[PDB]
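First comes the structure, then the notes that go with it.
Values quoted throughout were computed directly from the atomic coordinates according to the rules given, and no laboratory measurement underlies them. With ideal geometry, Cβ positions are generated from the backbone for all residues, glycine too; neighbour counts draw on all protein chains shown.
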Amino acid sequence: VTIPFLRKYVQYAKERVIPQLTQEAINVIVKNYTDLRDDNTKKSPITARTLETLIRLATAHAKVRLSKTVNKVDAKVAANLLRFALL
Amino acid sequence: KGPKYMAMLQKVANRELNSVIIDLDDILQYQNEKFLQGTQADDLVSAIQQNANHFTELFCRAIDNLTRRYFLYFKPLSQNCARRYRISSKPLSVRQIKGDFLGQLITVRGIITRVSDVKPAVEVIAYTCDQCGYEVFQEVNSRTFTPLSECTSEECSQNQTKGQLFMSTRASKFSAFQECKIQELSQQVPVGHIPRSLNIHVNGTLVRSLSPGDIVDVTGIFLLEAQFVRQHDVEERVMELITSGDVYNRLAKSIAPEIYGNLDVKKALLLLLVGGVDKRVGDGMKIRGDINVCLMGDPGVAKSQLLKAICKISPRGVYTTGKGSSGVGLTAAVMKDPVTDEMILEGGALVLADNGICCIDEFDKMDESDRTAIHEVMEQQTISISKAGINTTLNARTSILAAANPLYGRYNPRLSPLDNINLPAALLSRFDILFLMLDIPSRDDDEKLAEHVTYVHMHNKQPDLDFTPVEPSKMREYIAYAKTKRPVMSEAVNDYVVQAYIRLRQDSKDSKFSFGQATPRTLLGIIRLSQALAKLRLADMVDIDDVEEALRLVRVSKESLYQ
Amino acid sequence: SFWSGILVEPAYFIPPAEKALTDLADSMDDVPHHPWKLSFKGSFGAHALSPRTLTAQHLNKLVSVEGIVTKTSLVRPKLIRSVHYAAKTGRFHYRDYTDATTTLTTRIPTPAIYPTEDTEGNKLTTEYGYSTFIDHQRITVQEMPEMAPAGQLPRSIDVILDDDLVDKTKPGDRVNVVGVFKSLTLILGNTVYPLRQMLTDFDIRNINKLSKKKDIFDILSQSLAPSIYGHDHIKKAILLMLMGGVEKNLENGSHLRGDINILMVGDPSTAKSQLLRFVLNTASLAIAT
């Protein structure tokens, strides 16, 4: 919450835990990427690099909770961040 | 004849030659003859290799036993004479110099980008006097010198008078000096590093043996004072690639497997990097034996990855750009040398990549000056210049890969392709294969691209298909082995080629979805693609199966506009 | 005593050790037919220090100093011995060269003039190739930005480099040099090794207690900047941005990008210029331009 706590939180997550993928978070991000590849006809271009950035963030959330592997909710909060930053 | 070195001395006494070439093979044979007779060898080959500058001034007096009519030069022994009798001449990189090789004879391999003009550099300055008559000679060693106005003769030392001296440009010995910049080879440089250069200072009769735009092996001492120049397990590796069956499709799907599909575009890229057959009529006319491929597409699909994989697999691949120093990066400009008072030419991206793939990213972001030089090497094989300072004709045999985007980023179905593409008719009329890599959103086919990118982002391994991706060395060896093949077309394929060309010309000669017309250069490109398909099958003849594949390729290259 | 003599007088302790090493190299070899050098490693105690704290004290003593390199000069060969040839009789002559960078102790200066003449007075030439060449380098190294009290100026020092280690230095990498602080002020670098809040056992209990509650992310995103109203999802992405990725390195191929990049646009009325000071003062290490 305070200033000297989140620094220790971020460095312990950076040094100890590395997250890996699961089958529960591959399909929902495949569904989200194929559904957006809508935005091309309406408001924004979607590239191949964005595929990589759509799981980077998931991993991020999965390491914010410092779990050893990813979850479906990490891809869901990445899609929510995408809906706010794209629309 | 008989004693060949005495015969060469008789030939230089006959005044017919001015160059003396000494080989180490004769030294090795004389050492073998002296060692087999029980005499002491007293090794020369382990002593010539270190400090050859003292040896070229020491053995010259032994040949002689200011008045030098000849020029002494050396050449090392080959590897065939090195394995025989059981090093001194290894192909060295400029990254493999280590600093401590300053004074060893080295054989460097590399391309030559910068060359200079032949200039007379003095070696000894001759001074004449009218008071004494004794002409004096001083020896210079550095780049600069000072005029010896004071008389140092043997008559002016014991005298009050110290009379003026003059210089002679006729009795002074000169030499044809020339500087050159050798560059590091493309596949010999490490991962991430750039091909740094090195300087070679040549003198004498070797001054016209270095024409820019070539690969050379330079053997000389390292102060670089060159002495001699020259220019240009495996069968199991090619037979195990052949015996698996369906060689063409395996070599197509083996290169660049981190992307999804597009076997036709990259199949034509396979035929592009294999090159084809250069045809010479032997009457003063040379046509191109090369392909040039356009990649016009909308964003979203990967474009730089295929381009990078083609330049990483093929040798001498140089990545270019649209803007920046591109105007001077496609032609030879002029600049002032920081080591000496002379102007040199800087070469573009078309001169270090002589025989290979030259790629252009963002083709529509360039200008007219880039397009006028790209179209000139796209039509034929020589660069012509008409500015002040250099007026030469530069040889260049490159394959143009281009990546472009339309006027509004993506495509437009209500617009014609002549209006969608901003390039003029002479540019794409010369382009035999243009790939309209257009993305269409779907329900079923998009999932495979998503599954493939999540599989390659999950781990570095490829999908579990019953095929293994071939490493770069094996198909590099296959491309180098297939390039020596010269296929000849038959008459049964000739009657199919002329009928398909007549029908294509009649069908081409004017509506909403139309673009261009049938040209004879497209027929020549179809012939070149059929020759490349016969070269990939390692056959001496061109069958009916190549022309029907090439016509299907050139028609499906434009068939994606209907989707 | 030998340890203390190495730590306080390496000019009187390093050359007998290298003399012993050359004698051991001659005694361990029995085939026919150059010097040998030394190198150290390990903990130094108070001798291992920051270059900003490196002052005029402990000159002769060896200094281990880490940091970041800023410049790496061009490799330059130097003459330590020059040979020549007399063509009037065909003889060979040689001369040696010494300076203040070949020994740890300062020798008596011998400014040897390059022979442009013989002692008899005859002509001569430069035998290029039998004369050895030793290349040297001059690199600069300052303190690391994470260990230094950021807000101040960085202090850099110069390292003179021999022939041996000329291919192991490049700018942009964290390095730790080990040398001697000689003042004719520079360090004679002999050993180069290319290569932050403290954690207690009470803080690990707090972060393990906050690891399974499913309301952690929203309050951690809301607790970074209380002076800025709104913009929760933007600081949610900024929280995901400053924590990082994974940096996956593929086998026998190119590496994969683990870093994320964020661009922020809008009207200039809000706190976009006030958020950079917060992300500069609250990250692990950050550089703002």
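Worth a mention:
- Exposure proxy order (Cβ contacts within 10 Å, fewest to most) of C:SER131, B:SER211: B:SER211, C:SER131
- Proximity of backbone amide H atoms, modeled 1.01 Å from N, is registered between B:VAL334 and B:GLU346 at under 5 Å, excluding neighbours fewer than 5 places apart on the same chain.
- Taking segment B:47-170 as the region of interest, the number of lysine pairs whose Cα atoms are within less than 29 Å, with members eight or more places apart or on different chains, is 4.
- Where labels lie 7 Å past Cα in the beta-carbon direction, separation of C:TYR193 and B:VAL207 in nm: 5.8
- Given charges at Cβ of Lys, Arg, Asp, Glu: segment B:505-562 dipole, positive-most of B:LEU561, B:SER511, B:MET541: B:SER511
- Selection among B:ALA396, B:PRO472, B:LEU423 by position relative to the dipole of segment B:341-472 gives B:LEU423 as farthest towards the positive end (Cβ unit charges, Cα centre).
- Point-charge dipole on Cβ atoms (K/R +1, D/E -1) for the protein assembly as shown, about Cα centre, debye to 20: 2240
- Segment B:228-249 versus segment C:12-73: alpha-carbon centroid distance in Å: 51
- Expressed to the nearest 5 percent, the antiparallel share of DSSP beta bridges inside the protein assembly as shown is 70 percent.
- Helical content of chain B, expressed as a calculated mean residue ellipticity at 222 nm, amounts to -9000 deg cm²/dmol (DSSP H runs of 4 or more residues, -39,500 (n - 2.57) each, divided by residue number, nearest 500).
- The simple Förster model, with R0 at 56 Å and r as the Cβ-Cβ distance, assigns B:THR372 and B:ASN18 a FRET efficiency of 0.80.
- Inter-site label distance for C:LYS213 and B:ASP464 at 7 Å from Cα along Cβ, in nm: 4.3
- In units of the compact-protein estimate 2.2 N^0.38 Å, chain B shows a Cα radius of gyration of 1.26.
- Built amide H within the under 5 Å cut-off of C:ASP135, gap 5+: C:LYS78, C:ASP163
- Simple Cβ-charge dipole of chain B, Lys/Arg +1 and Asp/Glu -1, about Cα centre, in debye nearest 20: 540
- DSSP-loop GluC sites (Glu not before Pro) across segment C:102-138, with at most 14 other Cβ within 10 angstrom: C:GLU117, C:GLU120
- Computed FRET value (nearest 0.05) for B:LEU66 with C:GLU120, which takes r as the C-beta separation and R₀ as 22 Å: 0.55
- Restricting segment C:109-168 to chymotrypsin sites (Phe, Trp or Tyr not before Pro) that sit in a DSSP loop and have at most 10 other Cβ atoms within 10 Å of their own Cβ leaves nothing.
- Student exercise, segment A:1-85 dipole from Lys, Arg, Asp, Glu Cβ charges, in Debye to nearest 20: 280
- Checking the cross-link pairs B:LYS279/B:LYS512; B:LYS448/B:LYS512; B:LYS267/B:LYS303 against a 27 Å limit on the alpha carbon distance flags B:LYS279/B:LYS512; B:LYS448/B:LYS512 as lying beyond it.
- Placing unit charges on the Cβ atoms of the charged side chains and taking the dipole of the protein assembly as shown about its Cα centre, the candidate lying farthest along the positive direction among C:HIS34, B:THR454, A:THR59 is A:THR59.
- 3J(HN,Hα) along segment B:540-548: 8, 10, 9, 8, 7, 6, 7, 5, 6 Hz, from the Karplus curve 6.51 cos²θ - 1.76 cosθ + 1.60 with θ = phi - 60°, whole Hz, x for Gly and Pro.
- Comparing Cα centroids, segment B:541-557 and segment B:401-419 end up 26 angstrom apart.
- Near B:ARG114, the amide H atoms lying under 5 Å from its own belong to B:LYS181; only residues 5 or more places off or on other chains count, and H is placed 1.01 Å from N.
- Segment B:502-516 and segment B:17-32 have Cα centres separated by 68 Å.
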